[PDB]
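K.L.:
This is the structure, below, for whatever I ask next.
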Amino acid sequence: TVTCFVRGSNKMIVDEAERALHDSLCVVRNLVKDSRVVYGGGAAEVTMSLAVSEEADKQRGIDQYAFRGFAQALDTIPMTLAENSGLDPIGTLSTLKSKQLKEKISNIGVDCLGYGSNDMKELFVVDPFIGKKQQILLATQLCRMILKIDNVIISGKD
Amino acid sequence: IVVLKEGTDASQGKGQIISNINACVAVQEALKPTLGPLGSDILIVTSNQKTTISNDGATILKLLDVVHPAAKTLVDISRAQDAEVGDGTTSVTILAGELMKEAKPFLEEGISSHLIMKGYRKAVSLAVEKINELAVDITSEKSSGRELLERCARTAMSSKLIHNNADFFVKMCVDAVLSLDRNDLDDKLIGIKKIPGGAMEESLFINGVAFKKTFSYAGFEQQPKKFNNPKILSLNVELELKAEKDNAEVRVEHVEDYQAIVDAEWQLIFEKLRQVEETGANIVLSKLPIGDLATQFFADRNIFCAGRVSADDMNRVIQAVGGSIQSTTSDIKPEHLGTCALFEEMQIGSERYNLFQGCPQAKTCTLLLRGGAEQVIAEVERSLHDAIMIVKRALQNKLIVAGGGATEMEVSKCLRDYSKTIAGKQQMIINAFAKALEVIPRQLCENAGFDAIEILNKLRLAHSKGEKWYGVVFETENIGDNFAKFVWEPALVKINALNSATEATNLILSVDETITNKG
Amino acid sequence: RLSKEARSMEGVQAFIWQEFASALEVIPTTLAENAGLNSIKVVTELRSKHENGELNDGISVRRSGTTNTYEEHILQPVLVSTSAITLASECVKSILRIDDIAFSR
């Protein structure tokens, strides 16, 4: 066992620095459990969208509308990051796409933290691959559970 | 000035029957998405503040608590469906309600409901006779003991998230039914414990009983968790040092008396605590917490103990090792003790789980399930419940009929021809009954996303061509034979469904007036 | 074809030029609806045949399904479709260019 000693100039400062360190401990736990890593900010949702959009035409069916909307739903995350960073969500998203198409498929993310370029590699922004897989899984799982509910009956409090 | 009802609402006439029809449609409309293995699930919030989501019509109608009398009759007949059979509570209400919808235009034409109810009784009497003709006796015929149980469980597990791992899950599902006496099979005797975390294919089957290991008290790194033939002792009272509730008032003026009353509180507890060792039992189980003093004294003598065990799990321990629960530590008799073949505490799922294994006297078992999320495992458990009921009824009932739309069409097919010989109002009533039988295969296609217009019409074609076994394929959308696809239901389900649905329909159609007294 | 050509662009050129292609799908949708055919089903069948095959595959009300419209003698001259998108783009322009309506006598 170990004890992390945390201090701060105010209550909320102590709780913030304590939970921020705990968030880093959860990242280190995933990095040791799984050595496979990807650069997750703004990079993953675009690469996932570009691959599904190309394979949507080959499926030829109901899945074509489901895969096209799936790629557009993935684009919500990087556009949301661009809206929180003060950038054009439409302009930044396509800028990340053209850099990952005309040149090569790689991880190039949103400018939220800031740098001379949008590359997530030299910027050292990394997310666990097992963390990105469980994120896109449980999200799709509950989406099927919400659509699994065709009737809602709610009673009162007796 | 005078009033007849004294303010007690009573309404009659044909409008009261129409009000009973609208109630049957409201109950049917709620159960329509819940029909079929691929059917949608309903969200129900009880006044107890417990949110539940299930597709089983029994649990659905029990948690709704519909006060409407004509709608409550559909709930009471569904509980009878859960009693006589136990499966198909969703289809019995939908089919009974569809008889109310088809009888609605007859009420507007001026046709009495008694001739309508008499027409159904003659239609069901002919329907049950056709089911006996569709009943196929099969045991060893063109099937082995292993292939009969496996191939039927694969179909119930098909079109699910377990489809790829189904090969491993059928083995644990077949072994779970064979772990019990084939003369009496109870779904309550098969235990299922959900383990959060881990891979779905690594799930294990336990011959004995397991529980949550709720013991929260310190003293770890002792009390070895692996025993060969442990002596299991069921306990009631509380062995903790500092007790839970009561106390006493003792006034002493001396320092040696201060330590004496503390040792007195220890000696009174250690008395009954040492009597546990005098029994010589390795496992100590109690529905009440086992404190730090007790688990420490058990650690020196290498006795394992777990406190605050659920009462539902302790009852299965009695059914496992054949033990008995004793209240005190004094009078404990040797026959109340029990022993398993192996005992181990598993860390599976990043959580400690005690399990009994290899109990020859066990009338119950436990099947562990693993997966990436607790909600996914719950869907695996419910998809397993549907698979267990098919494997269970396969051994208990050797008379089967082809399901998944097969039998539903053949019953509706012949009654349309039988109505040609009968003339008068009974002809349109039997035709309405056969038309009311079309809602079952319809909703199966609508709940699974299939087109109800094309598939049903194509099903009415090939089935009319002289082959009676054509059902609806739930995997790849098309018409096909479910006898080859192995969608099977016993004949007692189809007979009791037509008997119970028409019975509840005949009770509602016979109600002219609803008198409700206030108070 | 235009949706694949929009993937090679950057910035704004990516987003809106996808919506223009989706607005072209209303013509085959209304043809399938007015003929009683399934909207989603027929469009996916034609989008299926246009990846391998070519323009010859389309909706035919005579066959009540998707078949070759060149062998069925259904022929639309190019100027009709050329003057269609052209006048449609000028109409939508003249609309969006109107930011207000004021009474002036």
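All residue names refer to the structure tokens as shown: chains lettered A, B, ... in order, residues numbered from 1 in each chain, ligands numbered from 1 in order.
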Select all residues from chain C having any atom no more than 10 Å from an atom of chain A (counting only C-alpha atoms, ignoring ligands), output as an MDAnalysis selection string.

P.N.:
chainID C and resid 4 7:16 40:49 51

K.L.:
Can you check which parts of chain A lie within 10 Å of chain B? Per residue, the shortest pair of atoms and distance in Å to one decimal, counting only C-alpha atoms, sorted by chain and number, as JSON lines.

P.N.:
```
{"residue": "A:134", "atom": "CA", "partner": "B:372", "partner_atom": "CA", "distance": 8.6}
{"residue": "A:137", "atom": "CA", "partner": "B:372", "partner_atom": "CA", "distance": 9.6}
{"residue": "A:138", "atom": "CA", "partner": "B:373", "partner_atom": "CA", "distance": 8.0}
{"residue": "A:141", "atom": "CA", "partner": "B:376", "partner_atom": "CA", "distance": 8.0}
{"residue": "A:142", "atom": "CA", "partner": "B:375", "partner_atom": "CA", "distance": 8.8}
{"residue": "A:145", "atom": "CA", "partner": "B:41", "partner_atom": "CA", "distance": 8.7}
{"residue": "A:146", "atom": "CA", "partner": "B:41", "partner_atom": "CA", "distance": 9.5}
{"residue": "A:147", "atom": "CA", "partner": "B:40", "partner_atom": "CA", "distance": 8.4}
{"residue": "A:148", "atom": "CA", "partner": "B:40", "partner_atom": "CA", "distance": 5.2}
{"residue": "A:149", "atom": "CA", "partner": "B:41", "partner_atom": "CA", "distance": 5.0}
{"residue": "A:150", "atom": "CA", "partner": "B:40", "partner_atom": "CA", "distance": 6.0}
{"residue": "A:151", "atom": "CA", "partner": "B:42", "partner_atom": "CA", "distance": 5.0}
{"residue": "A:152", "atom": "CA", "partner": "B:43", "partner_atom": "CA", "distance": 4.6}
{"residue": "A:153", "atom": "CA", "partner": "B:44", "partner_atom": "CA", "distance": 4.9}
{"residue": "A:154", "atom": "CA", "partner": "B:45", "partner_atom": "CA", "distance": 4.6}
{"residue": "A:155", "atom": "CA", "partner": "B:47", "partner_atom": "CA", "distance": 5.8}
{"residue": "A:156", "atom": "CA", "partner": "B:47", "partner_atom": "CA", "distance": 5.6}
{"residue": "A:157", "atom": "CA", "partner": "B:47", "partner_atom": "CA", "distance": 5.2}
{"residue": "A:158", "atom": "CA", "partner": "B:47", "partner_atom": "CA", "distance": 5.9}
```

K.L.:
Can you spit out the residues from that selection as a PDB file, in the first residue's frame, using C-alpha atoms?

P.N.:
```pdb
ATOM      1  CA  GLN A 134     -14.414   0.047 -23.995  1.00  0.00           C
ATOM      2  CA  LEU A 137     -18.390  -0.417 -26.858  1.00  0.00           C
ATOM      3  CA  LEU A 138     -20.500   0.621 -23.855  1.00  0.00           C
ATOM      4  CA  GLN A 141     -24.340  -1.102 -26.071  1.00  0.00           C
ATOM      5  CA  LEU A 142     -26.573   1.387 -24.252  1.00  0.00           C
ATOM      6  CA  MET A 145     -30.644  -0.806 -24.993  1.00  0.00           C
ATOM      7  CA  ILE A 146     -32.419   2.545 -25.340  1.00  0.00           C
ATOM      8  CA  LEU A 147     -33.730   1.468 -28.745  1.00  0.00           C
ATOM      9  CA  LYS A 148     -34.538  -1.898 -27.146  1.00  0.00           C
ATOM     10  CA  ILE A 149     -37.215  -0.119 -25.086  1.00  0.00           C
ATOM     11  CA  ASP A 150     -40.393   0.257 -27.153  1.00  0.00           C
ATOM     12  CA  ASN A 151     -42.681   1.090 -24.191  1.00  0.00           C
ATOM     13  CA  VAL A 152     -42.265   3.198 -21.039  1.00  0.00           C
ATOM     14  CA  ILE A 153     -44.695   2.951 -18.109  1.00  0.00           C
ATOM     15  CA  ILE A 154     -43.851   5.038 -15.025  1.00  0.00           C
ATOM     16  CA  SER A 155     -46.032   5.012 -11.905  1.00  0.00           C
ATOM     17  CA  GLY A 156     -46.202   7.415  -8.987  1.00  0.00           C
ATOM     18  CA  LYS A 157     -44.772   7.376  -5.471  1.00  0.00           C
ATOM     19  CA  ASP A 158     -47.138   5.777  -2.957  1.00  0.00           C
TER      20      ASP A 158
END
```

K.L.:
Please report the interatomic distance between CA of residue 125 in chain A and CA of residue 27 in chain A in Å with one decimal.

P.N.:
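CA of residue 27 in chain A lies at a distance of 11.9 Å from CA of residue 125 in chain A.
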
K.L.:
How would you write, as JSON, numbers by chain, the set of residues in chain C that DSSP gives as helix (DSSP H, G or I)?

P.N.:
{"C": [2, 3, 4, 5, 6, 7, 8, 12, 13, 14, 15, 16, 17, 18, 19, 20, 21, 22, 23, 26, 27, 28, 29, 30, 31, 32, 33, 34, 39, 40, 41, 42, 43, 44, 45, 46, 47, 48, 49, 50, 51, 52, 78, 79, 80, 81, 82, 83, 84, 85, 86, 87, 88, 89, 90, 91, 92, 93, 94, 95, 96]}

K.L.:
Mind listing the strand (DSSP E or B) residues of range 1-149 of chain A, per DSSP on the backbone, as a list in words?

P.N.:
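DSSP on the backbone gives strand (DSSP E or B) at residues 37, 38, 108, 119, 127, 128 and 149 of chain A.
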
K.L.:
Could you write out the selected residues, including N, CA, C and O atoms, as a PDB file, in the first residue's frame?

P.N.:
```pdb
ATOM      1  N   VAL A  37      -1.313   1.285 -27.395  1.00  0.00           N
ATOM      2  CA  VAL A  37      -1.714   2.662 -27.136  1.00  0.00           C
ATOM      3  C   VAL A  37      -2.048   3.346 -28.453  1.00  0.00           C
ATOM      4  O   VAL A  37      -1.525   2.992 -29.514  1.00  0.00           O
ATOM      5  N   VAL A  38      -2.937   4.333 -28.375  1.00  0.00           N
ATOM      6  CA  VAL A  38      -3.267   5.205 -29.492  1.00  0.00           C
ATOM      7  C   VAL A  38      -3.320   6.633 -28.971  1.00  0.00           C
ATOM      8  O   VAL A  38      -3.440   6.869 -27.765  1.00  0.00           O
ATOM      9  N   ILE A 108      -3.774  12.734 -35.812  1.00  0.00           N
ATOM     10  CA  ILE A 108      -3.667  14.190 -35.828  1.00  0.00           C
ATOM     11  C   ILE A 108      -4.949  14.722 -35.201  1.00  0.00           C
ATOM     12  O   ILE A 108      -6.041  14.544 -35.754  1.00  0.00           O
ATOM     13  N   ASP A 119      -0.628  17.740 -34.711  1.00  0.00           N
ATOM     14  CA  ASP A 119      -0.181  16.365 -34.511  1.00  0.00           C
ATOM     15  C   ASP A 119      -0.285  15.989 -33.036  1.00  0.00           C
ATOM     16  O   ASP A 119       0.159  16.745 -32.165  1.00  0.00           O
ATOM     17  N   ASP A 127      -4.009   8.059 -25.238  1.00  0.00           N
ATOM     18  CA  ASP A 127      -5.071   7.363 -24.534  1.00  0.00           C
ATOM     19  C   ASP A 127      -4.886   5.856 -24.671  1.00  0.00           C
ATOM     20  O   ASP A 127      -4.369   5.390 -25.692  1.00  0.00           O
ATOM     21  N   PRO A 128      -5.286   5.071 -23.673  1.00  0.00           N
ATOM     22  CA  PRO A 128      -5.108   3.618 -23.773  1.00  0.00           C
ATOM     23  C   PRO A 128      -6.021   3.019 -24.833  1.00  0.00           C
ATOM     24  O   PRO A 128      -7.182   3.410 -24.973  1.00  0.00           O
ATOM     25  N   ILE A 149     -36.022  -0.442 -25.861  1.00  0.00           N
ATOM     26  CA  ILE A 149     -37.215  -0.119 -25.086  1.00  0.00           C
ATOM     27  C   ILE A 149     -38.239   0.505 -26.029  1.00  0.00           C
ATOM     28  O   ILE A 149     -38.065   1.634 -26.492  1.00  0.00           O
TER      29      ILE A 149
END
```

K.L.:
Please provide as a ChimeraX atom specification all residues within 9 Å of residue 400 in chain B, with the sequence filter that same-chain residues fewer than 3 positions apart are discarded (counting only C-alpha atoms).

P.N.:
/B:134-138,394,397,403,488-492
